[PDB]
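query02.txt follows; it contains compact mmCIF, C-alpha atoms and all ligand atoms.
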# COMPACT_ATOMS: atom_id res chain seq x y z
CA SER N 19 -1.59 -59.05 8.79
CA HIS N 20 -3.86 -57.63 6.08
CA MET N 21 -4.62 -54.57 8.24
CA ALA N 22 -4.38 -50.89 7.33
CA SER N 23 -3.57 -48.51 10.19
CA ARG N 24 -6.44 -46.06 9.56
CA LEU N 25 -10.04 -46.15 8.37
CA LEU N 26 -12.18 -43.56 6.62
CA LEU N 27 -14.73 -41.51 8.56
CA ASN N 28 -17.87 -40.02 7.02
CA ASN N 29 -16.33 -36.55 7.36
CA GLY N 30 -13.67 -37.57 4.84
CA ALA N 31 -10.84 -37.88 7.38
CA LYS N 32 -8.82 -40.96 8.34
CA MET N 33 -8.71 -42.25 11.92
CA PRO N 34 -6.03 -44.56 13.34
CA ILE N 35 -7.72 -47.81 14.38
CA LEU N 36 -5.48 -48.16 17.44
CA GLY N 37 -5.39 -45.40 20.06
CA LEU N 38 -4.08 -44.99 23.60
CA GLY N 39 -6.70 -44.73 26.34
CA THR N 40 -6.14 -42.32 29.22
CA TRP N 41 -8.97 -42.93 31.71
CA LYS N 42 -7.40 -43.67 35.13
CA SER N 43 -3.89 -42.78 33.95
CA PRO N 44 -2.44 -40.83 36.88
CA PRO N 45 -1.48 -37.21 36.11
CA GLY N 46 2.10 -37.93 37.22
CA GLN N 47 2.41 -40.89 34.84
CA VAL N 48 0.31 -40.02 31.81
CA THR N 49 2.76 -37.50 30.33
CA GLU N 50 5.44 -40.21 30.10
CA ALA N 51 2.83 -42.73 28.93
CA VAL N 52 1.75 -40.55 26.01
CA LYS N 53 5.36 -39.74 25.01
CA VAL N 54 6.27 -43.45 24.92
CA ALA N 55 3.09 -44.17 22.98
CA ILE N 56 3.94 -41.62 20.28
CA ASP N 57 7.56 -42.83 20.21
CA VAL N 58 6.44 -46.43 19.56
CA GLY N 59 3.88 -45.54 16.92
CA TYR N 60 0.55 -44.47 18.42
CA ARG N 61 -1.00 -41.54 16.59
CA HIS N 62 -4.41 -41.53 18.27
CA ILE N 63 -4.98 -40.61 21.93
CA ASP N 64 -8.37 -40.88 23.62
CA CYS N 65 -9.00 -38.15 26.21
CA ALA N 66 -11.80 -36.58 28.28
CA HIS N 67 -12.17 -33.52 30.52
CA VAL N 68 -13.73 -35.77 33.16
CA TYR N 69 -10.53 -37.86 33.35
CA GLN N 70 -8.90 -34.76 34.91
CA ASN N 71 -5.55 -35.34 33.20
CA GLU N 72 -5.83 -33.49 29.90
CA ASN N 73 -3.23 -30.90 30.93
CA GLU N 74 -0.65 -33.62 31.46
CA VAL N 75 -1.65 -35.45 28.27
CA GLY N 76 -1.23 -32.10 26.48
CA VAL N 77 2.30 -31.70 27.81
CA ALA N 78 3.27 -34.97 26.11
CA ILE N 79 1.64 -34.08 22.79
CA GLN N 80 3.21 -30.62 22.76
CA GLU N 81 6.69 -31.94 23.56
CA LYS N 82 6.51 -34.52 20.75
CA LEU N 83 5.32 -31.81 18.32
CA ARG N 84 8.09 -29.46 19.45
CA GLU N 85 10.67 -32.28 19.15
CA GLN N 86 9.32 -32.97 15.63
CA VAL N 87 8.76 -36.65 16.40
CA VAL N 88 5.39 -36.13 14.77
CA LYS N 89 3.41 -33.43 12.91
CA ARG N 90 -0.01 -32.23 14.16
CA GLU N 91 -1.60 -33.53 10.93
CA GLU N 92 -0.39 -37.03 11.81
CA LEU N 93 -2.07 -37.03 15.21
CA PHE N 94 -5.70 -37.85 15.85
CA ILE N 95 -6.70 -36.42 19.21
CA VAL N 96 -10.09 -37.29 20.67
CA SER N 97 -11.88 -35.76 23.66
CA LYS N 98 -15.40 -35.71 25.03
CA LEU N 99 -17.98 -33.23 26.27
CA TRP N 100 -18.85 -34.03 29.86
CA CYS N 101 -22.49 -34.39 30.98
CA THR N 102 -22.65 -31.15 33.01
CA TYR N 103 -21.98 -29.13 29.83
CA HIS N 104 -24.86 -30.29 27.59
CA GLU N 105 -26.47 -26.82 27.64
CA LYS N 106 -26.08 -24.94 24.34
CA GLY N 107 -24.30 -22.06 26.03
CA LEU N 108 -21.73 -24.28 27.79
CA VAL N 109 -20.54 -26.47 24.91
CA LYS N 110 -18.04 -24.10 23.25
CA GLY N 111 -16.38 -23.26 26.56
CA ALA N 112 -16.10 -26.92 27.56
CA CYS N 113 -14.49 -27.64 24.22
CA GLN N 114 -12.14 -24.64 24.54
CA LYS N 115 -11.05 -25.72 28.03
CA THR N 116 -10.13 -29.14 26.61
CA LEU N 117 -8.32 -27.51 23.68
CA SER N 118 -6.42 -25.25 26.07
CA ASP N 119 -5.48 -28.11 28.41
CA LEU N 120 -4.39 -30.36 25.52
CA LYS N 121 -2.54 -27.39 24.01
CA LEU N 122 -4.20 -27.84 20.64
CA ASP N 123 -6.02 -25.48 18.30
CA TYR N 124 -8.43 -28.19 17.12
CA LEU N 125 -9.63 -31.69 18.02
CA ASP N 126 -9.79 -34.39 15.37
CA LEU N 127 -12.89 -35.78 17.06
CA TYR N 128 -15.17 -34.47 19.81
CA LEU N 129 -17.77 -36.81 21.31
CA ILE N 130 -20.79 -36.35 23.49
CA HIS N 131 -19.46 -38.47 26.35
CA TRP N 132 -22.90 -39.77 27.47
CA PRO N 133 -26.46 -39.10 26.16
CA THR N 134 -27.34 -37.99 29.70
CA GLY N 135 -27.16 -34.29 30.58
CA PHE N 136 -26.57 -33.30 34.23
CA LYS N 137 -27.15 -30.02 36.08
CA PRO N 138 -24.25 -27.61 35.39
CA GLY N 139 -21.86 -26.81 38.22
CA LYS N 140 -18.47 -27.69 39.65
CA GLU N 141 -19.49 -31.28 40.44
CA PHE N 142 -19.16 -33.83 37.63
CA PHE N 143 -21.89 -35.91 39.25
CA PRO N 144 -24.32 -33.54 41.00
CA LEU N 145 -26.45 -35.60 43.38
CA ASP N 146 -29.67 -34.72 45.20
CA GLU N 147 -30.21 -35.02 48.95
CA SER N 148 -30.79 -38.73 48.35
CA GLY N 149 -27.99 -39.53 45.90
CA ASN N 150 -29.60 -39.61 42.43
CA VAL N 151 -27.89 -37.63 39.66
CA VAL N 152 -29.58 -34.27 39.06
CA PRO N 153 -30.51 -34.14 35.32
CA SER N 154 -30.42 -31.11 33.06
CA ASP N 155 -33.47 -30.38 30.93
CA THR N 156 -31.32 -30.53 27.79
CA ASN N 157 -32.00 -33.08 25.09
CA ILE N 158 -29.55 -34.87 22.84
CA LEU N 159 -30.78 -33.05 19.69
CA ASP N 160 -30.03 -29.53 20.89
CA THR N 161 -26.74 -30.80 22.29
CA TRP N 162 -25.99 -32.22 18.84
CA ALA N 163 -26.74 -28.86 17.20
CA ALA N 164 -24.21 -27.30 19.59
CA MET N 165 -21.65 -29.90 18.54
CA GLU N 166 -22.30 -29.12 14.87
CA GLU N 167 -21.47 -25.46 15.60
CA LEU N 168 -18.02 -26.49 16.83
CA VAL N 169 -17.27 -27.96 13.40
CA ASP N 170 -18.44 -24.74 11.73
CA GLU N 171 -16.14 -22.69 14.01
CA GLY N 172 -13.03 -24.78 13.26
CA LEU N 173 -12.61 -26.08 16.82
CA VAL N 174 -13.15 -29.74 15.88
CA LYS N 175 -12.80 -31.67 12.58
CA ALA N 176 -15.33 -34.38 13.44
CA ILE N 177 -18.09 -34.86 15.97
CA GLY N 178 -19.50 -38.03 17.44
CA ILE N 179 -21.28 -39.73 20.32
CA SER N 180 -20.44 -42.26 23.05
CA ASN N 181 -22.64 -44.68 24.99
CA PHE N 182 -25.65 -44.02 22.71
CA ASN N 183 -28.02 -46.94 22.21
CA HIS N 184 -29.34 -47.64 18.74
CA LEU N 185 -32.57 -45.67 19.26
CA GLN N 186 -30.57 -42.67 20.47
CA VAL N 187 -28.25 -42.92 17.46
CA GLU N 188 -31.41 -43.07 15.35
CA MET N 189 -32.82 -39.95 17.01
CA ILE N 190 -29.80 -37.99 15.83
CA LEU N 191 -29.85 -39.47 12.33
CA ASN N 192 -33.52 -38.43 12.09
CA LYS N 193 -32.93 -35.00 13.63
CA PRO N 194 -34.82 -32.22 11.79
CA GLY N 195 -32.22 -30.11 10.00
CA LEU N 196 -29.34 -32.49 10.79
CA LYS N 197 -26.19 -30.85 9.39
CA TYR N 198 -23.44 -33.40 10.16
CA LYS N 199 -24.00 -37.07 11.03
CA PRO N 200 -22.01 -38.59 13.94
CA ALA N 201 -18.66 -39.85 12.61
CA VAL N 202 -18.24 -42.23 15.54
CA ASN N 203 -20.06 -43.97 18.37
CA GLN N 204 -17.58 -44.99 21.07
CA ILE N 205 -18.99 -47.91 23.11
CA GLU N 206 -17.80 -50.63 25.46
CA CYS N 207 -16.90 -53.76 23.52
CA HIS N 208 -14.96 -56.96 24.27
CA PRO N 209 -15.61 -60.74 24.26
CA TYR N 210 -17.99 -60.48 27.27
CA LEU N 211 -19.96 -57.67 25.65
CA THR N 212 -19.82 -58.21 21.90
CA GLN N 213 -22.41 -55.66 20.76
CA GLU N 214 -23.36 -57.34 17.47
CA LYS N 215 -26.68 -55.48 17.11
CA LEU N 216 -25.44 -51.97 17.91
CA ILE N 217 -22.26 -52.37 15.87
CA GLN N 218 -24.24 -53.59 12.84
CA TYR N 219 -26.67 -50.70 13.15
CA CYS N 220 -23.93 -48.08 13.36
CA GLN N 221 -21.83 -49.55 10.55
CA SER N 222 -24.93 -49.81 8.34
CA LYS N 223 -25.26 -46.02 8.71
CA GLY N 224 -21.59 -45.30 7.99
CA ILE N 225 -20.86 -44.57 11.65
CA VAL N 226 -17.52 -45.94 12.83
CA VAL N 227 -17.51 -47.73 16.16
CA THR N 228 -14.72 -47.33 18.71
CA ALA N 229 -14.42 -50.15 21.22
CA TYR N 230 -13.58 -49.06 24.75
CA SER N 231 -12.43 -51.13 27.74
CA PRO N 232 -11.21 -53.77 25.27
CA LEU N 233 -9.21 -55.56 28.01
CA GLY N 234 -12.11 -55.44 30.46
CA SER N 235 -10.81 -52.45 32.41
CA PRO N 236 -9.16 -54.52 35.17
CA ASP N 237 -8.29 -51.21 36.92
CA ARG N 238 -11.90 -49.92 37.08
CA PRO N 239 -12.45 -48.57 40.62
CA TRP N 240 -15.53 -50.73 41.24
CA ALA N 241 -14.02 -54.09 40.28
CA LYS N 242 -14.88 -57.13 42.41
CA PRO N 243 -13.19 -60.59 42.68
CA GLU N 244 -16.27 -62.46 41.42
CA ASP N 245 -16.27 -60.48 38.15
CA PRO N 246 -15.24 -62.36 35.04
CA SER N 247 -11.74 -61.54 33.81
CA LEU N 248 -10.89 -61.41 30.11
CA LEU N 249 -7.14 -61.25 30.68
CA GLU N 250 -7.27 -64.41 32.80
CA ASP N 251 -9.81 -66.35 30.69
CA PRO N 252 -7.99 -69.60 29.82
CA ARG N 253 -10.05 -69.87 26.62
CA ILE N 254 -8.62 -66.55 25.42
CA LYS N 255 -5.10 -67.34 26.65
CA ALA N 256 -5.35 -70.53 24.55
CA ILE N 257 -6.06 -68.53 21.38
CA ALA N 258 -3.20 -66.17 22.28
CA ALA N 259 -0.81 -69.06 22.86
CA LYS N 260 -1.71 -70.64 19.52
CA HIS N 261 -0.72 -67.39 17.78
CA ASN N 262 2.39 -66.81 19.93
CA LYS N 263 0.88 -63.51 21.15
CA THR N 264 -0.22 -62.14 24.55
CA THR N 265 -3.80 -62.32 25.75
CA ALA N 266 -3.97 -58.51 25.54
CA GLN N 267 -2.77 -58.54 21.93
CA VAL N 268 -5.55 -60.95 21.01
CA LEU N 269 -8.09 -58.74 22.82
CA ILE N 270 -6.84 -55.74 20.84
CA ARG N 271 -6.65 -57.54 17.49
CA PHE N 272 -10.22 -58.87 18.02
CA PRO N 273 -12.05 -55.53 17.51
CA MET N 274 -9.68 -54.47 14.74
CA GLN N 275 -10.86 -57.41 12.60
CA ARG N 276 -14.46 -56.27 13.11
CA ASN N 277 -13.66 -52.88 11.53
CA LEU N 278 -13.68 -51.26 14.96
CA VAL N 279 -11.29 -48.67 16.35
CA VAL N 280 -9.88 -49.81 19.72
CA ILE N 281 -8.29 -47.80 22.53
CA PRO N 282 -6.49 -49.92 25.17
CA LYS N 283 -5.20 -47.93 28.14
CA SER N 284 -1.82 -48.39 29.79
CA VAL N 285 0.73 -46.30 31.70
CA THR N 286 3.25 -49.17 31.58
CA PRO N 287 5.91 -48.50 28.91
CA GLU N 288 6.37 -52.20 28.14
CA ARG N 289 2.62 -52.79 27.72
CA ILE N 290 2.22 -49.59 25.70
CA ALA N 291 4.71 -50.99 23.18
CA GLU N 292 3.37 -54.57 23.33
CA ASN N 293 -0.22 -53.42 22.80
CA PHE N 294 0.74 -51.70 19.55
CA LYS N 295 2.37 -54.85 18.12
CA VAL N 296 -0.87 -56.25 16.72
CA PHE N 297 -0.47 -55.56 13.00
CA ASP N 298 1.69 -58.64 12.45
CA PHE N 299 -0.81 -61.48 12.95
CA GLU N 300 -4.34 -62.54 11.98
CA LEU N 301 -7.16 -64.19 13.97
CA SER N 302 -8.99 -66.81 11.88
CA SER N 303 -12.70 -66.53 11.10
CA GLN N 304 -13.02 -69.43 13.55
CA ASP N 305 -11.02 -67.59 16.24
CA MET N 306 -13.27 -64.56 15.72
CA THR N 307 -16.49 -66.54 16.00
CA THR N 308 -15.13 -68.33 19.08
CA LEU N 309 -14.26 -65.04 20.81
CA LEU N 310 -17.70 -63.70 19.93
CA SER N 311 -19.23 -66.79 21.57
CA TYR N 312 -18.00 -65.62 24.97
CA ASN N 313 -20.56 -62.81 25.11
CA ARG N 314 -22.47 -62.54 28.39
CA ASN N 315 -23.71 -58.96 28.11
CA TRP N 316 -21.39 -57.98 30.95
CA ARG N 317 -20.73 -54.23 31.40
CA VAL N 318 -17.73 -52.54 32.99
CA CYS N 319 -19.38 -49.14 32.56
CA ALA N 320 -23.06 -49.32 33.43
CA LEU N 321 -23.40 -45.81 34.91
CA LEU N 322 -25.48 -47.30 37.72
CA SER N 323 -25.93 -43.84 39.31
CA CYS N 324 -28.05 -42.65 36.38
CA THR N 325 -30.49 -45.51 35.77
CA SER N 326 -33.46 -43.18 36.27
CA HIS N 327 -32.23 -40.46 33.92
CA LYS N 328 -34.65 -40.20 30.99
CA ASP N 329 -31.74 -40.68 28.60
CA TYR N 330 -30.07 -43.55 30.44
CA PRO N 331 -28.83 -45.66 27.54
CA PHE N 332 -28.79 -49.24 28.80
CA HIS N 333 -32.46 -50.10 29.48
CA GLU N 334 -32.84 -50.91 25.78
CA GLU N 335 -31.55 -54.21 24.47
CA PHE N 336 -29.09 -52.33 22.27
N1 LIG Z 401 -16.61 -43.36 26.39
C1 LIG Z 401 -16.59 -43.87 27.62
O1 LIG Z 401 -17.52 -43.71 28.38
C2 LIG Z 401 -15.40 -44.70 28.05
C3 LIG Z 401 -15.53 -45.61 29.09
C4 LIG Z 401 -14.43 -46.38 29.46
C5 LIG Z 401 -13.22 -46.20 28.76
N2 LIG Z 401 -13.11 -45.31 27.76
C6 LIG Z 401 -11.81 -45.14 27.06
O2 LIG Z 401 -11.26 -46.42 26.71
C7 LIG Z 401 -9.96 -46.56 27.33
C8 LIG Z 401 -9.63 -48.02 27.63
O3 LIG Z 401 -10.57 -48.58 28.55
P1 LIG Z 401 -10.27 -48.78 30.12
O4 LIG Z 401 -9.25 -47.79 30.65
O5 LIG Z 401 -11.63 -48.78 30.77
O6 LIG Z 401 -9.72 -50.29 30.28
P2 LIG Z 401 -8.80 -51.25 29.35
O7 LIG Z 401 -8.01 -50.50 28.30
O8 LIG Z 401 -9.66 -52.42 28.94
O9 LIG Z 401 -7.82 -51.81 30.51
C9 LIG Z 401 -6.89 -50.94 31.18
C10 LIG Z 401 -6.16 -51.81 32.20
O10 LIG Z 401 -5.51 -52.89 31.52
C11 LIG Z 401 -4.13 -52.94 31.90
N3 LIG Z 401 -3.33 -53.36 30.73
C12 LIG Z 401 -3.08 -52.61 29.64
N4 LIG Z 401 -2.30 -53.34 28.80
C13 LIG Z 401 -2.06 -54.53 29.37
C14 LIG Z 401 -1.34 -55.66 28.98
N5 LIG Z 401 -0.69 -55.68 27.79
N6 LIG Z 401 -1.29 -56.72 29.81
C15 LIG Z 401 -1.93 -56.71 30.99
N7 LIG Z 401 -2.63 -55.64 31.40
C16 LIG Z 401 -2.72 -54.54 30.60
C17 LIG Z 401 -3.78 -51.53 32.34
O11 LIG Z 401 -2.71 -51.53 33.28
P3 LIG Z 401 -1.53 -50.43 33.31
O12 LIG Z 401 -2.17 -49.13 32.90
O13 LIG Z 401 -1.13 -50.44 34.78
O14 LIG Z 401 -0.46 -50.94 32.37
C18 LIG Z 401 -5.08 -51.08 32.98
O15 LIG Z 401 -5.13 -51.58 34.31
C19 LIG Z 401 -10.06 -45.68 28.56
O16 LIG Z 401 -8.78 -45.36 29.12
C20 LIG Z 401 -10.78 -44.48 27.97
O17 LIG Z 401 -9.87 -43.73 27.15
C21 LIG Z 401 -14.17 -44.57 27.40
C1 LIG Z 402 -18.30 -45.35 33.58
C2 LIG Z 402 -17.45 -44.24 34.10
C3 LIG Z 402 -16.34 -43.71 33.56
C4 LIG Z 402 -15.58 -43.98 32.32
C5 LIG Z 402 -16.01 -42.90 31.38
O1 LIG Z 402 -17.08 -42.30 31.42
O2 LIG Z 402 -15.02 -42.69 30.49
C6 LIG Z 402 -15.87 -42.64 34.44
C7 LIG Z 402 -14.76 -41.81 34.27
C8 LIG Z 402 -14.50 -40.86 35.25
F1 LIG Z 402 -13.43 -40.06 35.09
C9 LIG Z 402 -15.35 -40.73 36.37
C10 LIG Z 402 -16.46 -41.57 36.53
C11 LIG Z 402 -16.71 -42.53 35.56
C12 LIG Z 402 -17.75 -43.56 35.36
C13 LIG Z 402 -18.79 -43.85 36.15
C14 LIG Z 402 -19.17 -43.25 37.44
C15 LIG Z 402 -20.46 -42.80 37.66
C16 LIG Z 402 -20.78 -42.24 38.90
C17 LIG Z 402 -19.80 -42.15 39.89
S1 LIG Z 402 -20.19 -41.46 41.44
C18 LIG Z 402 -21.93 -41.10 41.33
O3 LIG Z 402 -19.98 -42.51 42.43
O4 LIG Z 402 -19.51 -40.17 41.57
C19 LIG Z 402 -18.51 -42.62 39.66
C20 LIG Z 402 -18.19 -43.17 38.42
Using structure tokens, write down the structure from this file.
Amino acid sequence: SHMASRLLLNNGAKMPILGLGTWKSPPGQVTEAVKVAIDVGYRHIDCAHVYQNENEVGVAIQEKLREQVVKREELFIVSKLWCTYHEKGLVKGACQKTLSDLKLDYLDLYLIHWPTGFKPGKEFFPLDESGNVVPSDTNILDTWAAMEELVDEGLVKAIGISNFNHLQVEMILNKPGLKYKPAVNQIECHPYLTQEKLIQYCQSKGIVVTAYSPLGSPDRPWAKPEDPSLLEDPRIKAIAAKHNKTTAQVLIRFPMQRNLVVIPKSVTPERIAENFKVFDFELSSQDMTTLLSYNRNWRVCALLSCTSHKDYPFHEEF
């Protein structure tokens, strides 16, 4: 299908372009899900402390390492620094908790999960007496410096960002004394949110983009009937049919052909395997342009609770 399995990051390491997502994967199902994924070829798992299932993901990884199904060097494990840990003095510990839960001695990639810092505490979303998120007075540049320290301590091989708009990416690239550039910006991306501007900006700077919610996150907690549905879009099912593939496989192959990394989530063994079988076919330039034409700037993850946060990323056009 003219498609290599990994691409090169600006830290000199290779990253598998297909990973398994784990947001919403129940703790009692995600261990099996990750084991099946590794068994059927996945080498990249996308994690986060905020998903509350890193321990169980770690059990799967550790078992597959112990069983010698895979070597640590062959895995690319990603996690993310949650918003309540943006303070310089909290970053190492947040990373170490993730490392401990995942049962790893390093991460291949650690991302700032959102540009928005929240007040530290037990609550992932600390709210005031009226429901707004309570910000922390941290800024993305000092948070970035804390991330750079993790590289210099051997805890992570690469650092990156997630849900940064192009001006926020630019702020980091123009940071005084910048030591390591972001390797990756992980953003939402699918035919209803195509992200041409932000993707072009990032790629022009050598920053690799990871596409999240590539299937439209049909299991998002806040879904409503009136929402558009990628998996049920007859226009996309048509393209799938033409290629004798599933709609999901087309949705996964789509970002791959844009030089994106993509991380579909499933806890269903049959879908986990199906979703990986996307290196055997090619979307035409016409297919690609047609899928792109479905853009409607529609967001699964809009972080509506934080629209007043100074660093809220989605006021800007891109
Ligand atoms: N950085 C961020 O802020 C951020 C935000 C969102 C997501 N992410 C990452 O990206 C990952 C993927 O995004 P997502 O979880 O939002 O949604 P997604 O991968 O677009 O969709 C997941 C849903 O699609 C279903 N599905 C998977 N394969 C299917 C198939 N072949 N046919 C039909 N349905 C299928 C899954 O069902 P089953 O599981 O029941 O099979 C699940 O309900 C997340 O898990 C997370 O790792 C990151
Ligand atoms: C976009 C989004 C995601 C995906 C991601 O960040 O990976 C997520 C993952 C989680 F585990 C938990 C929450 C969220 C969330 C938004 C969100 C914001 C606020 C609230 S509230 C204020 O009602 O407590 C609930 C959800």
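Nearest residue to residue 326 of chain N, choosing from N:213, N:194, N:220, N:134 and counting all atoms listed in the file: N:134.
The coordinates place atom CA of residue 59 of chain N at 16.1 Å from atom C12 of ligand LIG 401 (chain Z).
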Within 12 Å of (-19.6, -56.4, 27.0) (coordinates as in the file), grab all the protein and nucleic acid residues, counting all atoms listed in the file, and write them out as a PyMOL selection string.
chain N and resi 205-214+216+229-235+246-248+309-320+332+336
For residue 90 of chain N, the nearest of the candidates N:155, N:126, N:237, N:298, counting all atoms listed in the file:
N:126
List all protein, DNA and RNA residues that have any atom at most 6 Å from ligand LIG 402 (chain Z), counting all atoms listed in the file, and write the list as a PyMOL selection string.
chain N and resi 68-69+143+319+321+323
If you keep C-alpha atoms, can you produce a file of those selected residues as an mmCIF file, in the coordinates of the input?
data_model
loop_
_atom_site.group_PDB
_atom_site.id
_atom_site.type_symbol
_atom_site.label_atom_id
_atom_site.label_comp_id
_atom_site.auth_asym_id
_atom_site.auth_seq_id
_atom_site.Cartn_x
_atom_site.Cartn_y
_atom_site.Cartn_z
ATOM 1 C CA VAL N 68 -13.730 -35.770 33.160
ATOM 2 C CA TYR N 69 -10.530 -37.860 33.350
ATOM 3 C CA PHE N 143 -21.890 -35.910 39.250
ATOM 4 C CA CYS N 319 -19.380 -49.140 32.560
ATOM 5 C CA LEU N 321 -23.400 -45.810 34.910
ATOM 6 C CA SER N 323 -25.930 -43.840 39.310
#
Step by step, measure atom-to-atom distances between ligand LIG 401 (chain Z) and each residue using all atoms listed in the file, keep those at most 9 Å, then write them as JSON, numbers by chain.
{"N": [37, 38, 39, 40, 41, 42, 43, 63, 64, 65, 66, 69, 97, 98, 129, 130, 131, 132, 179, 180, 181, 203, 204, 205, 206, 208, 228, 229, 230, 231, 232, 233, 234, 235, 236, 237, 238, 249, 264, 265, 266, 267, 269, 280, 281, 282, 283, 284, 285, 286, 287, 288, 289, 290, 291, 292, 293, 318, 319]}
Neighbour residues at most 12 Å from (-31.8, -47.3, 37.9) (all atoms listed in the file) as a list in words
residues 149, 150, 151, 320, 321, 322, 323, 324, 325, 326, 327, 328, 329, 330, 331, 332 and 333 of chain N
Which value, in Å to one decimal, gives the distance between atom CA of residue 218 of chain N and atom CA of residue 187 of chain N?
12.3 Å
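Minimum atom-to-atom distances from N:198, N:255, N:146, N:112 to residue 170 of chain N were compared using all atoms listed in the file, and the lowest value belongs to N:198.
Counting all atoms listed in the file and comparing N:153, N:133, N:138, N:76, the residue that lies closest to residue 121 of chain N is N:76.
Take atom CA of residue 174 of chain N and atom CA of residue 114 of chain N: the distance between them is 10.1 Å.
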